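K.L.:
Next up is a structure, given as structure tokens.
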Amino acid sequence: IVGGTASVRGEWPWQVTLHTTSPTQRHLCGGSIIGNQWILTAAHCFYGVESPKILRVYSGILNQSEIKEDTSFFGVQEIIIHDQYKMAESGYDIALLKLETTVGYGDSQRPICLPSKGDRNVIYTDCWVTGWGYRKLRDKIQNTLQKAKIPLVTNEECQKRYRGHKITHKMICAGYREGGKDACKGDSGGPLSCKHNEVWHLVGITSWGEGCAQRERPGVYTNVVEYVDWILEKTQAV
Ligand SMILES: O=C(O)c1ccc(NC(=O)[C@@H]2c3ccccc3CCN2C(=O)/C=C/c2cc(Cl)ccc2-n2cnnn2)cc1
């Protein structure tokens, strides 16, 4: 996160850190708890990943230093990538992780509500991007979970900023015109959380952008409201 500030412990209890153990253990992506065995993240995170056996999901973490060999994690039973996904820049950048065990909800870890289908026509004014990603393009994974308040940008305005790309209604953009506060390397897959009527909703999934927090280059996020039916399909399967 560029221009972010340290989060407070328990502030974003749906935020998870997805680690890989291959070749060595490190933070790979962000993610969000959406159900007791479900993590919503970005499909592009799994480019290297041939097996869910190398993945570890850590919830209730503020600092990456809390993670050692003796730290409990959730194993991943299955990786479900949207079957229309080709690349982040073309959309469908959404994946689900089915966990091997159930997340026990508490003050450190709980799910975030998905947006309501009716609420597709609501103006979100209190949106925050969180993650352990870089603070600048040439940097490193941050110890403490960072947060940044970011304004949503209309599809029309986002399309003006990305000549040569196709910004679809399945994408949602966010960022200040002058730049400065945005997602960066390592924030991918994490949430874009917006508070509406005192309830937090998972409005976006950090997906892609041209550089980090550049002037007139908003962050591009998967528009979660456009995928509620797909998420229910995969999580409510009979
Ligand atoms: O350990 C590290 O150093 C390290 C760990 C994880 C990483 N992840 C990454 O790079 C991940 C990632 C993970 C797996 C596969 C592919 C990629 C490439 C994209 N990606 C980002 O997070 C994209 C952020 C991004 C998102 C928005 Cl909304 C706006 C601007 C962004 N950026 C543009 N340029 N940088 N960020 C890096 C570095």
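Simple scheme: letters A, B, ... for chains in structure tokens order, numbers from 1 for residues in each chain, numbers from 1 for ligands in the order shown.
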In range 133-166 of chain A, what's alpha helix (DSSP H) per DSSP? Answer as a ChimeraX atom specification?
P.N.:
/A:155-161
K.L.:
Taking N, CA, C and O atoms for each residue, export the selection above as a PDB file, in the first residue's frame.
P.N.:
ATOM      1  N   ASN A 155     -16.504   4.082 -14.052  1.00  0.00           N
ATOM      2  CA  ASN A 155     -15.989   3.262 -15.153  1.00  0.00           C
ATOM      3  C   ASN A 155     -15.532   4.181 -16.310  1.00  0.00           C
ATOM      4  O   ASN A 155     -14.481   3.947 -16.898  1.00  0.00           O
ATOM      5  N   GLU A 156     -16.332   5.222 -16.622  1.00  0.00           N
ATOM      6  CA  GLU A 156     -16.055   6.211 -17.683  1.00  0.00           C
ATOM      7  C   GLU A 156     -14.720   6.916 -17.438  1.00  0.00           C
ATOM      8  O   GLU A 156     -13.888   6.989 -18.334  1.00  0.00           O
ATOM      9  N   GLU A 157     -14.519   7.423 -16.222  1.00  0.00           N
ATOM     10  CA  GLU A 157     -13.286   8.077 -15.824  1.00  0.00           C
ATOM     11  C   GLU A 157     -12.117   7.071 -15.857  1.00  0.00           C
ATOM     12  O   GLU A 157     -11.041   7.399 -16.363  1.00  0.00           O
ATOM     13  N   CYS A 158     -12.340   5.833 -15.367  1.00  0.00           N
ATOM     14  CA  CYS A 158     -11.278   4.822 -15.392  1.00  0.00           C
ATOM     15  C   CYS A 158     -10.850   4.436 -16.802  1.00  0.00           C
ATOM     16  O   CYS A 158      -9.662   4.230 -17.050  1.00  0.00           O
ATOM     17  N   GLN A 159     -11.816   4.338 -17.722  1.00  0.00           N
ATOM     18  CA  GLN A 159     -11.550   4.021 -19.123  1.00  0.00           C
ATOM     19  C   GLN A 159     -10.712   5.135 -19.784  1.00  0.00           C
ATOM     20  O   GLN A 159      -9.781   4.824 -20.518  1.00  0.00           O
ATOM     21  N   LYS A 160     -10.973   6.421 -19.443  1.00  0.00           N
ATOM     22  CA  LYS A 160     -10.180   7.574 -19.934  1.00  0.00           C
ATOM     23  C   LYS A 160      -8.712   7.402 -19.547  1.00  0.00           C
ATOM     24  O   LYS A 160      -7.830   7.739 -20.335  1.00  0.00           O
ATOM     25  N   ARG A 161      -8.459   6.894 -18.317  1.00  0.00           N
ATOM     26  CA  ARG A 161      -7.122   6.717 -17.742  1.00  0.00           C
ATOM     27  C   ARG A 161      -6.359   5.521 -18.277  1.00  0.00           C
ATOM     28  O   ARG A 161      -5.148   5.448 -18.104  1.00  0.00           O
TER      29      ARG A 161
END
K.L.:
Counting only C-alpha atoms and all ligand atoms, which residues of chain A sit at most 8 Å from some atom of ligand 1, and what is each one's closest atom pair with its distance in Å to one decimal, listed by chain and rising residue number, as a tab-separated table?
P.N.:
residue	atom	partner	partner_atom_place_in_ligand_line	distance
A:26	CA	ligand 1	1 (O)	6.4
A:27	CA	ligand 1	5 (C)	5.9
A:28	CA	ligand 1	6 (C)	4.7
A:29	CA	ligand 1	13 (C)	5.8
A:44	CA	ligand 1	15 (C)	5.3
A:45	CA	ligand 1	14 (C)	3.7
A:46	CA	ligand 1	14 (C)	6.3
A:47	CA	ligand 1	15 (C)	5.7
A:48	CA	ligand 1	15 (C)	7.3
A:133	CA	ligand 1	22 (O)	6.7
A:134	CA	ligand 1	38 (C)	7.5
A:137	CA	ligand 1	35 (N)	6.2
A:139	CA	ligand 1	3 (O)	7.5
A:140	CA	ligand 1	3 (O)	5.2
A:141	CA	ligand 1	3 (O)	5.7
A:173	CA	ligand 1	28 (Cl)	7.7
A:174	CA	ligand 1	28 (Cl)	7.9
A:182	CA	ligand 1	29 (C)	6.3
A:183	CA	ligand 1	27 (C)	4.7
A:184	CA	ligand 1	36 (N)	3.5
A:185	CA	ligand 1	22 (O)	3.4
A:186	CA	ligand 1	8 (N)	3.7
A:187	CA	ligand 1	22 (O)	4.6
A:188	CA	ligand 1	22 (O)	3.9
A:189	CA	ligand 1	22 (O)	7.6
A:205	CA	ligand 1	28 (Cl)	7.8
A:206	CA	ligand 1	28 (Cl)	4.3
A:207	CA	ligand 1	28 (Cl)	4.6
A:208	CA	ligand 1	26 (C)	3.8
A:209	CA	ligand 1	30 (C)	3.8
A:210	CA	ligand 1	33 (C)	5.3
A:211	CA	ligand 1	33 (C)	4.1
A:212	CA	ligand 1	30 (C)	4.8
A:213	CA	ligand 1	30 (C)	6.9
A:218	CA	ligand 1	29 (C)	7.1
A:219	CA	ligand 1	28 (Cl)	3.7
A:220	CA	ligand 1	28 (Cl)	4.4
A:221	CA	ligand 1	28 (Cl)	5.4
K.L.:
Taking a cut-off of 7 Å and counting only C-alpha atoms, can you build a table that, for each residue of range 96-181 of chain A near range 30-38 of chain A, reports the nearest atom pair and how far apart they are in Å (one decimal), sorted by chain then residue number, as JSON lines?
P.N.:
{"residue": "A:96", "atom": "CA", "partner": "A:38", "partner_atom": "CA", "distance": 6.6}
{"residue": "A:97", "atom": "CA", "partner": "A:38", "partner_atom": "CA", "distance": 5.7}
{"residue": "A:98", "atom": "CA", "partner": "A:38", "partner_atom": "CA", "distance": 5.1}
{"residue": "A:99", "atom": "CA", "partner": "A:37", "partner_atom": "CA", "distance": 4.9}
{"residue": "A:101", "atom": "CA", "partner": "A:37", "partner_atom": "CA", "distance": 6.6}
{"residue": "A:102", "atom": "CA", "partner": "A:37", "partner_atom": "CA", "distance": 5.1}
{"residue": "A:103", "atom": "CA", "partner": "A:36", "partner_atom": "CA", "distance": 4.9}
{"residue": "A:110", "atom": "CA", "partner": "A:33", "partner_atom": "CA", "distance": 6.8}
{"residue": "A:111", "atom": "CA", "partner": "A:34", "partner_atom": "CA", "distance": 4.7}
{"residue": "A:112", "atom": "CA", "partner": "A:34", "partner_atom": "CA", "distance": 5.6}
{"residue": "A:113", "atom": "CA", "partner": "A:34", "partner_atom": "CA", "distance": 6.8}
{"residue": "A:131", "atom": "CA", "partner": "A:30", "partner_atom": "CA", "distance": 6.4}
K.L.:
Using only C-alpha atoms, which protein or nucleic acid residues come within 10 Å of residue 106 in chain A? Drop anything in the same chain fewer than 6 positions from it, and give the result as a list in words.
P.N.:
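Contacts, with the query itself left out: residues 10, 13 and 60 of chain A.
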K.L.:
Please determine, counting only C-alpha atoms, which residue among A:85, A:74, A:162, A:230 has the shortest atom-to-atom distance to residue 16 in chain A.
P.N.:
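Under the stated criterion, the closest residue is A:74.
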K.L.:
How many Å separate CA of residue 232 in chain A from CA of residue 168 in chain A?
P.N.:
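Computing the Euclidean distance for CA of residue 232 in chain A and CA of residue 168 in chain A yields 21.7 Å.
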